[PDB]
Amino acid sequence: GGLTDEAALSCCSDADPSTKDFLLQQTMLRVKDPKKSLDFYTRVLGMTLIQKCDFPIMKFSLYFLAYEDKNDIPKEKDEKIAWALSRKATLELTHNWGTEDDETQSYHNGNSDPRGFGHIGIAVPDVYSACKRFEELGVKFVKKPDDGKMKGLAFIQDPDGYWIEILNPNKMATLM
């Protein structure tokens, strides 16, 4: 079986005071073609590009996306970086230059061997209307809301095949 509630709680320690201002800032995914990824995360999911970083010597670019208002992005370069990297829950897309033209390359989504990472998840007001719009836009589904084992939640895929869960927090209580 799994851990009992009691055993799980027994493995948890209270937070040391030196970790009090820590925050979960980002999740990083590698993307083959940033033009496709930027269109997907902004047009389909409504995220905002808050910061683009280029490192010519190492041949890669980074794209930070988040659910933030465009009007809150600072104009000054140094303030912009400090603000972008101190937002909670950002998505960092890494583009290693050249992958978009290489037919033998692709990234692995973690859901087939060898497994590891599973998904990112977006909380929405209504899974059914959000998925109706996704179907209208031609988005590829891993799991429609009424398919699979757990009903009421969905999995879509981004341009690289990463899985994105679509969930409504106020309808999850009957799954357990």
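All residue numbers are counted from 1 along the displayed sequence. Whichever C-alpha set is largest while still superposing within 1.5 Å between the two forms counts as the rigid core.
- Taking the rigid core as the alignment reference, the C-alpha atoms of 144-152 lie farther on average from the displayed form in 8 other deposited structures of this protein than those of the other stretch among 144-152 and 30-38.
- In this entry, 70-78 has the higher mean Cα B-factor, the comparison being between 93-101 and 70-78.
- The mean C-alpha temperature factor is higher for 125-133 when 24-32 and 125-133 are set side by side.
- When all modelled residues of the chain are sorted by CA temperature factor, residue 149 is found within the highest third.
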